[PDB]
Every structure is written in C-alpha cells, then in structure tokens.
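First the structure, in the form of structure tokens, and then the observations on it.
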Amino acid sequence: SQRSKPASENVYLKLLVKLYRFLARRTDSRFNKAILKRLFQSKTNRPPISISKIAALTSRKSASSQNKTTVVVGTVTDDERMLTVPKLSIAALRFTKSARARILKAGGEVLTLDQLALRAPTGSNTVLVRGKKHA
Amino acid sequence: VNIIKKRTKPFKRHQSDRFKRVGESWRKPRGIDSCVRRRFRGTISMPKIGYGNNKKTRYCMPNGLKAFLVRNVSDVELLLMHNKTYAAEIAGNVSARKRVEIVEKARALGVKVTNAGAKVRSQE
Amino acid sequence: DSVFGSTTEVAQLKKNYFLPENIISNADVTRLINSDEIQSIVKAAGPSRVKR
Amino acid sequence: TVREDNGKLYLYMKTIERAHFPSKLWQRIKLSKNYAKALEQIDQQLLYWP
Amino acid sequence: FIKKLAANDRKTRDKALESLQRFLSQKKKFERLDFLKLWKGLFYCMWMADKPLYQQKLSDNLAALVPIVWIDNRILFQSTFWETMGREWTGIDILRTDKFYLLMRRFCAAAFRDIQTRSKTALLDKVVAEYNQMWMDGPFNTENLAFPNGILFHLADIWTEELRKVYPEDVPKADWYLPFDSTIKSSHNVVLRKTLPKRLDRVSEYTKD
Amino acid sequence: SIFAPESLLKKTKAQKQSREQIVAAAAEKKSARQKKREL
Amino acid sequence: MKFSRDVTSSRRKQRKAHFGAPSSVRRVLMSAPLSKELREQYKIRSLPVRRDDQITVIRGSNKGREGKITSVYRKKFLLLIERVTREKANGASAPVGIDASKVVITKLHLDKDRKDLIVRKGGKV
RNA sequence: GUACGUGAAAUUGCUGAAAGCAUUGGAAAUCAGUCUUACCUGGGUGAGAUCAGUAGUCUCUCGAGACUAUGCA
RNA sequence: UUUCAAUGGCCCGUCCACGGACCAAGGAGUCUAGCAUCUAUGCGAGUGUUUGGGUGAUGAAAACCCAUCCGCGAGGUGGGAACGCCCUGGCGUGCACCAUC
RNA sequence: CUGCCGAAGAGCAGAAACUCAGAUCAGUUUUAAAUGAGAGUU
RNA sequence: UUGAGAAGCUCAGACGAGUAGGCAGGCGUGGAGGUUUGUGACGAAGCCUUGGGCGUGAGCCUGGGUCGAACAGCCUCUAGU
C-alpha cells in the first residue's frame, strides 16, 4: 500500500516481494523494477483484468511470434460473455477458478509471477498489461 | 568498546519534589505556560533523544556484559556461546535450591552471574 | 480427500468447494533466486558489507 | 550441531530427505577427544556443506 | 512397482529397483503414458535418496538401467525422463537440485553411450539423427515454453564433457550439437538464445555431420 | 568418493569468469591511471 | 471430566454445599479408610466414622497414634480420639481434633446396621 | 494477642546525626563489583577408550551410536 | 545519601481572576445502530452459511454442513508503463491515463 | 512515553495516484542572459 | 570473513525550536487463548530500602529487610486499562 513494502500480511506475497527485490537490483531490467513497484500497491491500485481484455489487447497484430507472455500484477477474472477463448499464456497474481479453467482447457497455460521469473527473469517477450482504475 | 554513558542522573519529573502526591516518574509537562518546558536557565532537563546511548554499548553493565535474566539451569546453558557477551542474572523468585544449581552450572560454563551470592551461605 | 477436495477437483463433503490456490508456485524463494535461470543473467554482484 | 552427552561430544546432522521422520531425523557421530582429529572429523563429515 | 519405488523405506524402494530390471527388459511395446507413470515413481525414488554416496550410486543405477530397456522403446524411456524432469524441476527445492543435476549428467552420458553402442550395429548418422529427433520434441523443443532453462544450461555445460568421456580417444563426425543450434536459431525465449552460446562448449573440430 | 556438488561447479565457472575480467581490468587500469598521473 | 448437567463444577456452589451441609450429609463427608486387613476382608474401601471405632492417626503431628473415637464433632468436621489431646497452660488436657480422612479404621464397631451396610455395599462379614 | 493476614502514604512521638530545585566538586557516612590459575612445552609414574596386525550383545542404517568382556604397546 | 560551597533558580493547572491544607483510593471519547473513505482478507460477474433446517457421545450456546429465498452488483491521432530488433538514437508493439475525431 | 512533520494567526500542511534534468521554475539580478533549485499537477 | 531474525547486515551524506493539528513506534494495567519440559513454603504476590544495574523515556531487572500462597516472561485476544 506504500512505496517501501506491501501492507499485506500474506507471507507468499512477501516471498514474491523478496524475489523481485533481487531482480530489481541485480538486473538492469525496467520490467523487474515495475513488478516490484506494483507488488507494493493496494487492492484498488491493482484493479482486476479479464480474459476478454487480455485476448482483445493481444489481438489484431497477433500474427507476430506471440510467445509474449501476458503479465498482470493483479487478478485475471473471467468474462463469460465471450464464448471461444484463444490460446493465451498469462502470469498473474491470481486466477479465478473459471478463468484458470478456460485458459487451460481451451488454450495455453497460466503462470505465477515466480514461474515467469524463471522463464523471463528480465521480462523479455512480455506484455505487462494493467486493469482499468475506473472503479 | 568502553561503555560510555551520556548521562547518569534520572530525569526527575517537574515538581516531583514539591509534592508527595506527585511521583518521580517522568511525565512530559503538558502545560502551555510551563517555564521548565520552555527550557529556561536552571530549569531541570527533559528526556531528549540525544541522550540516547551508543548502539554498540547499549544495555551493557559497567563490566561490558549484558544482563540475561535466567529462571533455571536450562537458561544458563543457552549462554554457552555468549559468555564474553552476556551475564546471567537469577530472577528474584527463583528459590535457593535452584539458585545453587544455576550458579554451579554457570561456573563451569564461564558465565558471570550478577547475583550469585544471594539467598545462600558459605560452609567451606 | 473427500473432506477438502483438490485445487482442481471438488470436495465431496463440501458443496462446490476447491482447495485454495497459492500466490507462488514453489515457496522456496532462495531456490528461485539462486537458480541457474536467474544467476546466469544477473549483473556481477558488488561486495557484501563494504569497506569504508 | 555439536552437543555434549555424558562428557563426550557428538556431531548431529540432519538432511532434508529425513524431514518427515522425527525419530530418524538426526544422525549422530562421536567426535574424538583429540581436538585436531575432531576438527578433521567435522570437515570430513560436513564436506561440500556451506 | 510405482507405489513401491516411492516408499518411505529405502529397503522397500531398492527391492523395487531390482525387480524393475525384469519389467523394463520386456520385449513388448510400452505406451508413452506407461513410462510417464513409471518415471514419477522413479523420480521419488531419487527424491527420497538420503546420502550423497547413496544418491550418486542411485544415479549410476538409474542411468545403468537404460541399456536394459528394449531397443524399440529405449528412446521412449529417455524422452519420458526428460519430460518428467522438465515439469518437476521447478518444484524441486534448493537442497535437492544437486542430486538431480547429477542424475541428468548420468542420463546425458547414457544417451551418448547408447549412440556409441548402436553405432556398431548400424551407421552412426542414423543413430544420432534418431536421438537428435528425440531432443527436438523434448527438452530442446521450441514450441513449448514450459521447459525450464536451468536444465538446458546444464545440458549445454555437460554436452561436450560427456561426449568426450564416452569416446576417450576420438569422436566421429555427427550432428552432436544439432539440438542446440536449432534452438538458438529459433527459440522464442531470448534469455535462452542469448546465453546458450556463452555456456555451450561447442567445438568445430567434430560437427560436420 | 563424494563428487563436488553440481551447483558448486557452476558457481566456480561464474567466479572464474568474473575473476578473468577483474584481472583483465587490472593491468590496463594500473597503466591508464599511471599515465593519468603523469598527465 | 463430569458430563452431567445435574452436577455443578462451580467452586462457589461446591464450597457453599460443603460448609452448609446438614448433619446428615456431614455424616458421609466424615469417612475414613479401613485398614488393609479390613479392606481386604470386608471388601469395602471406606466407611463413615463412628463413635467407639478403633483408629490409627496416619497424618499430622499425631501420626502413629491410636485410640477410640470418643466423639465426632460434626460441626467442625473433626474427630476426637482417646488420649490424643493437648495440654493447656493451666494443665488441662484439651483434646485436639483430626480430619476423618487423616486416620485409618483398624477395628470397626460392628452394629447390626453396619453389617447390613456391609452386605449392601459389596461386603462379606 | 481479638484495637488480631499483609499493614502503604499523609501524620505524630522518641532517639541519632547534621544544618540554621539544578550544576559541579569537597568533607562525612555508605556501596558496587576486582583478579591466579590458567596456556604451552618436556620428562617420569601409573590410569583408560573414542586405541587394539583384538572377541561378543542390543538398537538404527556396509558403518552409525550404546554396551559387556580382555589387553595398556 | 546528607551537608557545604560557587552559580543559576519568581508557584502549579485553568481562563488579573479561578482551583490548590495534606495523603490514599475511586474519577471522565464509552458501547451500539447508519453512512463515507482508506487498508487488509476471501471469492470474483458474481457475492453473502449463522431467519431457519441438518448435525454435534465429552460438554452440545461451540465447531461442522446446507434446502428455499433474499440483499447488493451486473474504431483512428499524439503522449505514454513495459517489451523486441538494430547501428545515443532509429524501427516495431504500445497497458493505465489525458487531450483528441 | 519518545520520535517525526507542522500551521493559520480559497490560502497556508500532508497522503495516495502520474510525469518527470530529454522540466520547468524562482519574494534574485542584468538585457529589451547570469545564478540557485528537479519541476509539477487533477 | 563466517556479518540472511533480507523484518538482517552494511556504506555514505544532510539535518534536529515548536502551540493547534497530523503521522509512527513503544511502556504499563485487569481478564482470554496458546506457550516457557516457566517461577513458588529451600518462600509466590505485595510492601519497605542512603544496596546495585539497564533504558532518552514510559519503565524494567535485581540485593537486603518484611511477608506468607500464589505468580510471571513471550506470541495473539480483549477491555470498566
């Protein structure tokens, strides 16, 4: 909730913060500095993002390699208004039960921010999206 | 390092001497006309952070050790690796049976005991 | 396994209940930090406690 | 860890692979009364440790 | 065997290993999921290995188990090992990675030794090409991003060292480094591509097919 | 016969690699500083 | 652990009930163990005390003493025993009372009611 | 010792000593703790054990602890 | 600790006045319902078991479970975080957000 | 209890969010640029 | 080089009045849960003390005297604090 550490008392979010403190300072990457900053944010500063948004944001120009993992420091909720879900690869703090089932069953895979770090420790080939803060 | 104390006197409460109803524990003077709070000359001092002692020699008795309160024999065995850094102190509520057992154990451990002569006699 | 269910399969003795999902996958963060994946791309570390 | 028992010192070791068996969690070796040999024993039993 | 291989008693686990030689030496086609199930038992046989002297004799025993397998499903046995190790590598803890690093080192040399053994019966280039194809849809697959890079850095580090050990005198001409070249040429993870050449000790002396 | 840990072998390669460049930027830094001192 | 919501575990109620117990209830509250031989021949562990019972003092300053219970002082829950007394300043022998649980019965004063009580309470005269 | 568990302060008497808020020190009174016995090295004499070009038992997992003999290089 | 010496030292609170003989004990932002923001937590196009029912052999006013409802909810331009490819900069992709059609 | 910030006598004080030496400012001075400071905003 | 309570350790520089008002960290009391293989008739608690010690402080530890039955540290909970 602040600039120096999280206000959460969850140990696993502190463990994520402990990992990304390392990347933030032992890499030149600006991706790892942003992730550490967004891990200190509050619930309302990390608005949820949806499956439909993620497919929509990573579309149109999706003729590219599309190995790009989508990363959100937040929750990936579900959008049942869309019927077919593409093949996606998302690393998020949380996936809802139906969001995670749709990404897996019809498509690719779901990650955690520590699984991303072992895949892209510098944030290479990542789409660091955000949720709308419209409340 | 030597155990330097910036101050040795207690910070007596203002007018604790005038009245027996007024204790000598420190209370910040909440008054808005208080001369002593205004830090005039001769007015008694007030606890400031600058009197705070060196972090390296904080909590250290004059002999450079730190008091470690001990209730039984198991406690003195914790100070095995810190006998140059800590001194055992037997609690006031430990009986004279245990005090003897605490002191005898701590003697082999090379631990200083601050009150090893309490509640006991010598026979030799 | 019937009382609590799985994280993917439901509990039999609780309706529609799934075990909570975790924020991290492998909770050993020192395993993540000190892995060959991350220690192969980090810039060379400066000293520990540094001289004056 | 090194701990005393009946005037004799032992080296106690535990590994992660015996973490769920409290009875068999720690193994014990008896260190020599010879100080130099006892130091050699700790190096020999704890090699490639941190 | 599968439940016994992951027992809480080493004596029980060991007796399943000695009984596994007869099971693997069968001259019948083993389905891929059958080897997936077996390697989950074998993974926890080594996951539970206690002492470094034991957990390095066990790696020798597991690697020495490759030539026992039937020739027709010997490639399936190894490909399932590298797939059962890719998915489970991230869940290993820091105090258990060094016994599995030796396990992959023993299984990399088993692959090179099996190529050497089959190079006498049939021409080497077919044997290497068949093994290279195993690497293509395995650890060195570009289409999947789930495979760990900590294993791939390990294989790059040990590739030439195990090759030299298998042929002490001199190795023949073959596509020994084909999985690495095709990976760096087309990998979708830039960290792998940028640093794999820095770790691989590829020598141009013996690589021209 | 306890083989050295594999992670220890990987660290030594990195430490050796780091020590190569630190030693490499020693004689040049000494010379460049020495010529700077004359300048 | 008690499981009955008919019985109270309240200390206030137990203490009130003990000290405000009537003389008939106090008759059971003052009970003494039988000696080993009486315990192993009458098959009864303990009986309420009575006048003219032969007892041995088991605990206290008067440990080891014996005598017959001259009277039972039920108001103060005390027993009085022959020759187990204390000399006052003037020379009087003021008796000292002992708790019924701190003595042991070594010879019972067998009335007909005790024998009926013995057989009723799993005993064999 | 019923003006009765403990028995505070305000307060009163007697005896003793001194005198007629803070800073810093003097005088008087008092007090804290304060170490020697160890380290190394050499030899003599015996002792044993984790020693034996040594034999057995129990519990764990080849050897790891606990022992009981026998010897004292 | 007491006292002496040199130095400094005008009674405290309250708003001149008002309270103060001394000491002990008691003595004043509390609980509850509503609302709003912020933080944490769980789930998330949903969400909320505790009106009640089931059940609870160790205390059974708990904990556990849940039917039917019900509440509340329900396209381009520029800048731009981050990323890839290059020979500082250029090129491509461009979240949040703000001016723009 | 200690610490930190700190007025007034819409403005003055902070908190989140963003945008930032590749930015604008100033209780200042020269001329008809000098110098100090990272600047702002809802 | 062992100096990861990573909430730790370590380097540097600047700064220090303060009413209203804002922020943070701590000290204490009665009761609750857990914990200390906790303390206690070889003396708990309380009280007294020109005995000693620690903390800038709130306060805590202790020696001696008195006393005679219960008490406390640490992690959370709570309030007629």
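Every residue, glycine as well, gets a Cβ built from its backbone with ideal geometry; the counts of neighbours run over all protein chains shown. Read-outs throughout are calculated quantities, based only on the coordinates presented, and are distinct from any laboratory measurement.
Here are a few things to note about the model shown:
- Residue within the range E:156-171 that is of a type in the set (S, T, Y), within 11 Å of another protein chain (Cβ to nearest Cβ) and either surrounded by fewer than 20 Cβ atoms within 10 Å (Cβ to Cβ) or touching a residue at least 12 places away in the same chain (Cβ under 8 Å) (or both) present: no
- Residues in the range B:6-24 that are basic (K, R) and in contact with a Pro (Cβ under 9 Å, 6 or more places away or on another chain): B:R13 alone.
- Count of the range B:76-124 residues, restricted to those that are aromatic (F, W, Y) and touching an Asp or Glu at 6+ places or on another chain (Cβ under 8 Å), is 0.
- Within this structure, C:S35 passes the test of being surrounded by 15 or more Cβ atoms within 10 Å (Cβ to Cβ), over 30 Å from A:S98 (Cβ atoms) and of a type in the set (G, A, S).
- For the range B:19-56, filtered to residues that are part of a loop (DSSP other than H, G, I, E, B) and among the β-branched types (V, I, T), the residue that is farthest from RNA strand I (Cβ to nearest atom) is B:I44.
- Qualifying position, being part of a helix (DSSP H, G or I), β-branched (V, I, T) and surrounded by 18 or more Cβ atoms within 10 Å (Cβ to Cβ), among E:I115, E:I92: E:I115
- Candidates E:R13, E:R87, filtered to the one that is within 14 Å of chain C (Cβ to nearest Cβ), away from RNA strand K (no atom under 16 Å from the Cβ) and among the charged types (D, E, K, R): E:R87
- Residue selected from the range B:69-86 under the condition outside any helix (DSSP H, G or I) and more than 9 Å from RNA strand K (Cβ to nearest atom), by the criterion nearest to the other protein chains (Cβ to nearest Cβ): B:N83
- Unmet criterion (only one of (1) under 15 Å from the mean Cα position of the chain (by Cα); (2) surrounded by 19 or more Cβ atoms within 10 Å (Cβ to Cβ); (3) more than 20 Å from A:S124 (Cβ to Cβ)) for A:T70: (3)
- Spans of helices (runs of 4 or more DSSP H) in the range A:25-125 with at least 3 residues on the phi < 0 side of the Ramachandran plot, among the polar types (S, T, N, Q) and within 14 Å of chain E (Cβ to nearest Cβ): none
- Those residues of the range G:44-54 which are outside any loop (DSSP other than H, G, I, E, B) and under 22 Å from G:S24 (Cβ atoms), in sequence order: G:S46, G:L47, G:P48
- Subset of the range E:175-209 (residues that are in contact (Cβ under 8 Å) with a residue 24 or more places away in the chain, within 12 Å of another protein chain (Cβ to nearest Cβ) and not in a loop (DSSP other than H, G, I, E, B)): E:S186, E:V191, E:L192, E:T195, E:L196, E:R199
- Test: residue in the range D:21-33 that is over 26 Å from E:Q55 (Cα atoms) and not aliphatic (A, V, I, L, M): yes
Conditions tested, residue by residue: (1) among the hydrophobic types (A, V, I, L, M, F, W, C); (2) more than 11 Å from chain E (Cβ to nearest Cβ).
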{"site": "C:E21", "(1), (2)": "no, yes"}
{"site": "C:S25", "(1), (2)": "no, no"}
{"site": "C:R31", "(1), (2)": "no, no"}
{"site": "C:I38", "(1), (2)": "yes, no"}
{"site": "C:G46", "(1), (2)": "no, yes"}
